[PDB]
Number of protein chains: 2
Amino acid sequence: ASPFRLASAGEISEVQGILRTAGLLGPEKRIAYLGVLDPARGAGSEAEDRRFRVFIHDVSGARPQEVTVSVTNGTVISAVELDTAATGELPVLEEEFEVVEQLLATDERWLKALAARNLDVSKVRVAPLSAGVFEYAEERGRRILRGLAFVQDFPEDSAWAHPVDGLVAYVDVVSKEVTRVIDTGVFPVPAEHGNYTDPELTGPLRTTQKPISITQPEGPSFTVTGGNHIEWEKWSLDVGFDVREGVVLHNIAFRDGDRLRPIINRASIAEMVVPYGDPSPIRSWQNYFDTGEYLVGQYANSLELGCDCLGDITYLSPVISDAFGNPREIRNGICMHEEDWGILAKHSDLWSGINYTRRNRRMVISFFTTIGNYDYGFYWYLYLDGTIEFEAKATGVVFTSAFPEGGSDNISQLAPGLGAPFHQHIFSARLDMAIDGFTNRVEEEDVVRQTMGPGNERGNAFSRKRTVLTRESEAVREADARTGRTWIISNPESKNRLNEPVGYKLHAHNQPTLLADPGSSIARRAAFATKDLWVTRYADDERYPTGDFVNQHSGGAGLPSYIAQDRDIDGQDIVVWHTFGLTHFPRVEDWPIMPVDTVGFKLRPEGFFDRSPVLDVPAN
Amino acid sequence: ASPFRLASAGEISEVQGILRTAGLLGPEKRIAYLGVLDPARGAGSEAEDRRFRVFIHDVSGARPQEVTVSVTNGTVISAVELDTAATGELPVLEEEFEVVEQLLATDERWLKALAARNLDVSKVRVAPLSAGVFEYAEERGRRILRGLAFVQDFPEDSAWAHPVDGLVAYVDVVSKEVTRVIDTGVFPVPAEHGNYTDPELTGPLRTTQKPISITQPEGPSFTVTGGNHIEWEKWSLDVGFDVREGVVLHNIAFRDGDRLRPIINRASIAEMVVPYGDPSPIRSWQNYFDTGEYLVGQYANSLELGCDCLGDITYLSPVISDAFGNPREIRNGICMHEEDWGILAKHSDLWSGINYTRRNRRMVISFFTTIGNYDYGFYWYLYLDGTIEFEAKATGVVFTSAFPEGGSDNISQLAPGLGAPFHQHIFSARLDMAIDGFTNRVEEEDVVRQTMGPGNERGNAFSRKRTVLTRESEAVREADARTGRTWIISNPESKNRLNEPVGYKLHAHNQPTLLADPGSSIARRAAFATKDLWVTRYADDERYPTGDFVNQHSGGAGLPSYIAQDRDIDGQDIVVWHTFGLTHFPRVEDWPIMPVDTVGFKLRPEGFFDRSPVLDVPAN
Ligand SMILES: O=CCc1ccccc1
Ligand SMILES: O=CCc1ccccc1
Ligand SMILES: [Cu+2]
Ligand SMILES: [Cu+2]
Ligand code: NA
Ligand code: NA
Ligand code: NA
Ligand code: NA
């Protein structure tokens, strides 16, 4: 009954049937994106309408289409032909991954380049990388992928250990032409293998690790109803799944006594980008938007009990569409479990004699995705005390190159002859806020230092300053760790028992934002990543910080275009967009497979409750 | 046999006997500090000499003494009379906590102040707060505590809910005189109680939390030998305990193949300070150094299985001295256990077909201390991948005041009429480094942005810069989160297989440092807290960033005096001092008992190993 329920296989099968009968899904068509649309604002109408948005690619060169379907009514709502030179190309298709390698294998320029290096073409893997927009006029309106080559010595070999530097090719995957092959010179292919399961490299496995057993004898403390509605320790929320964004959290609310109090209407990681900092022409174009160009949800892993998720695990198995509109289940794609989280509160009082200890715990919702060499875990955490936290875990295999004789200012050495170019991993969290309802505002809070003098005779005082962001044009904000800068989302019409507006405070990690020159192509296409915080007025069609069609878009779409409307955000339905990321100078310890590194953010209540919300937690 | 073993009760009993027979421990003497001295550098002599340092207070007004004893030889090594107006007073004694309240209860000025407020003197608790150094010439060379009052309505009442604002007294605890009583006016005493175990305040306890069972069926993976020597997953270290510093880690090393490689010679939290930012004369003097003035180790809690420490716990029970030289055991004062820590590394490869997942875990060493209203957990973590992390957990009850009519720029409101002054919690970690041996250096590493232009035509390149700190005068450093600033401790004489110096990188949280005006008393006494990182040359007697005698010291002792020697630190035996802290604007959710908040730092290997050190972890 819930309009926020996960898409079913039957819904996707109906979408396929509707598209087919409307003439929109012939043999030359491919579904590049399919997802359920959220209910519109003010859906207190009980009139459920399950609508799906579809991007349709044409492999024969015809114009792609954007289509909205109503599965409830069995109709096509709208269908629009896209001009991709104007509005961007469609996301990369999984079936194009192999096309780049296959097309190059018959190109005489590519073959001549491999022959000079004595590389057997049957052993050469080609990574299908997104193209971006640079100086090549012939690429406008064409669907281009760029290929970098890696040698696999045998079928189980890790190709990443053997980059073929000095070589890149550009491919038009619709006309099936190799447009350019660039060979800047022969680099030795690094020879050491990177096979992290080879006993010769691992040595004998440790026998010292004794088991840790985590069980829940009475079962877990949370309940799941309607497929995807979670209630846990006064929290309630809906867990969604979208093929572009991955796990999406809807309707996050906290039961405070008799009242269900909303906090966040929708939370998602709405974009991520990995820009490379190597000026070599072989890689200086390299920036991949895993979310916007590749769709991270479709590469979600099936998570294994005991290995990926440990304890009393409840799984969700989301259903997505394949390229032909058939439903495909991601078995055990989302893990949900609670975890002990140490001490919650503790005090031993010298005057009352009372000794008091309580333990904390958190609810975990997570999935893992794999796109090429990189693997990412996305973790959402709910804590007993009202804190909400997000954590990204980056692992997998670093992207490699040759390490040049005489060194590099932009590449780390990992092994003899083997390099790893500097890069960043930058995320955008889209938080459709609903602090006690939809009338919200954002304030920027800085520590204020005070000078010794009258009224501060001992020079000890310090204070804080709060600045309300009133219009979109002033709501593009930068971090300032030195002044302890945070941002408070409050509801000016909902007050706590002290007559102060209720609120939540966003705590950032204050990592560097996008390092590229502001005049670069990537600074224009990933403008969201140049600032730590953006606030917009809610609008149905403003979904992604980079716009709807990221692949080969020339720039400026998304957040820079939205905020130019300069809308009122002071006590309105607003959306917070937070940029956060890792800057990665790879270390030897990252090779041949990288130990997890993490980044994230959290929100903590700030006068949202009338006192500690965990006074009713029992003594365990 | 280990010179780093914990002090035994027999050792402390021998110290008492040695002091007594030397005439140093008559009825008027009290031991204010007692601790074992670390072995001197170059102790490859097998000549064990267990020596103890003792601070001896005299309650009759005679000069205190610093005494060094050899328990191995049964002799007094040295005994020096202290001039406390010059070098500072001794730490606060536990038995002085009650003296402040008892002396005020018979002072007519104090009684007149309580009478005007209709407060029964038998219900008034007085917090014994350290005095600092301000404008009062009569306090120089005298042992002063300052008292702030709180009402306890009944013996189990939380007094912190009922501050008596507008009133402060200063007390000479040796001559037993009340030197000043300052009454700036009547504030209503806040009336709501803060009894977090009262069912009227908690409501009915939740019945929704199901148990989480963490067990180790084969026992833990670590071993403890010689009382306090830990070996765990290639790590080895000695766990010390000192009554001032608390848990101290010695000889942290990692077994890399056949080699035991040192990393850190000694790690401790060597000072902590809580400065208050309220300019009211009632509290503008308030800054307590829990470590240096009160000695956090002597107030360590006994930790309860299942509540404080959960899982398969191994306890240490350190022995300390009471004020008369009797040994006193802190039963179950230190918890040690390993914890699952999620995914360690993961990759699913599109070309090799191999799916790989490993789980992480960490070793935890922790203790909890309580000093008045505040409670702190100190956590040291060792991870499989070579990371070392420290985490402080702050909880307990916030220090309170009245909330003034018409508001405050320096105090938060928690309840009707109840305020909580702004403050910071600042820690100093002292890391006696030993990266592959004692020849170390520190480099400061900043991200470098590059301009679009020749050699960077697409404007994507970025790099990094490393600056070696060569002398103490240039080794006082500030954080810069915007440039991703970190610090690398390396050994220039020990190289990895790529011929690069081995190293470890310190990652700070980049929280604000001391906010007080640089001309303030607290900026002079806690100068360490004004900068994020200091590096000194190792010296036996340079133990604390604030000096040996913090209580009522006029300023400048410790780190500012050490670095004026301007010693060579480039490839030498060096010590890193890292300042980190929390800035606390109290929220309603912190009342009546505060949920834990955390701060810390971590060190990660940076080309210390020749490849990932966790390739030999089994598949679980
Ligand atoms: O993560 C997206 C870029 C990519 C895709 C496929 C293989 C290697 C790299
Ligand atoms: O934490 C040291 C300051 C203090 C000591 C005793 C009671 C309250 C406060
Ligand atoms: Cu990376
Ligand atoms: Cu605090
Ligand atoms: Na365009
Ligand atoms: Na909103
Ligand atoms: Na002095
Ligand atoms: Na050292």
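Order of the sequence lines sets the chain letters (A, B, ...), proteins ahead of strands, with each chain counted from 1. Both ligands and their constituent atoms are indexed starting at 1 by order of listing.
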Q: Please work out, at 4.0 Å between heavy atoms, whether the side chain, the backbone, both, or neither of A:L129 comes within that distance of ligand 1.
A: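 It is the side chain that touches ligand 1; the backbone stays farther off.
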Q: Quick check for you: with the Na ion (ligand 5) as the vertex, what angle do O of A:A85 and OG of A:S554 span, to 10°?
A: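 Output for this angle: 130°, rounded to tens.
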Q: Going by the order shown, which atoms of ligand 1 are within less than 4.0 Å of some heavy atom of A:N373?
A: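 In order of number, 8 (C), 9 (C).
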Q: Under 3.5 Å, is there a donor-acceptor pair linking the side chains of A:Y196 and B:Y356?
A: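 The answer is no; no qualifying pair exists.
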Q: Looking at A:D153 and A:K123, is any side-chain nitrogen of the basic one under 4.0 Å from a carboxylate oxygen of the acidic one?
A: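 Salt bridge between A:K123 and A:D153, a charged N being under 4.0 Å from a carboxylate O: no.
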Q: So which of A:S130, A:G147, A:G372 gets nearest to atom 7 (C) of ligand 1, if we judge by its closest heavy atom?
A: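 Of the listed residues, A:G372 has the closest heavy atom.
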Q: Under 3.5 Å between some N or O of ligand 1 and some N or O of A:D290?
A: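 Yes, there is a polar N/O contact under 3.5 Å.
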Q: Under 4.0 angstrom from ligand 1, any heavy atom of A:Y374?
A: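 For ligand 1, residue contact (heavy atoms, under 4.0 Å) with A:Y374 is absent.
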Q: Any idea which heavy atoms bring A:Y562 and A:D541 closest together, and the distance?
A: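 Closest approach of A:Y562 to A:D541: OH-O, 4.4 Å.
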Q: Describe, in one word, how the ring planes of A:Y376 and A:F427 are oriented to each other, choosing from parallel (under 30°), tilted (30 to 60°) and perpendicular (over 60°).
A: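 Taking A:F427 first and then A:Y376, their aromatic rings stand perpendicular (interplane angle over 60°).
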Q: Any atoms of ligand 1 less than 4.0 Å from a non-hydrogen atom of A:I371? List them with their elements.
A: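 Once the distances to A:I371 are compared, the set is 1 (O), 2 (C).
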Q: Considering the heavy atoms of A:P128, write down every atom of ligand 1 situated less than 4.0 Å from one of them.
A: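 Result: 5 (C), 6 (C), 7 (C).
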Q: Less than 4.0 Å between a side-chain N and a carboxylate O, is that true for A:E139 and A:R180?
A: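 The answer is no: the pair does not qualify as a salt bridge.
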Q: Test side chain to side chain donor-acceptor pair (under 3.5 Å) on A:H584 and A:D590 and set out the steps.
A: CA-CA 10 Å; A:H584 193 179; A:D590 293 333; 2.7 Å; yes
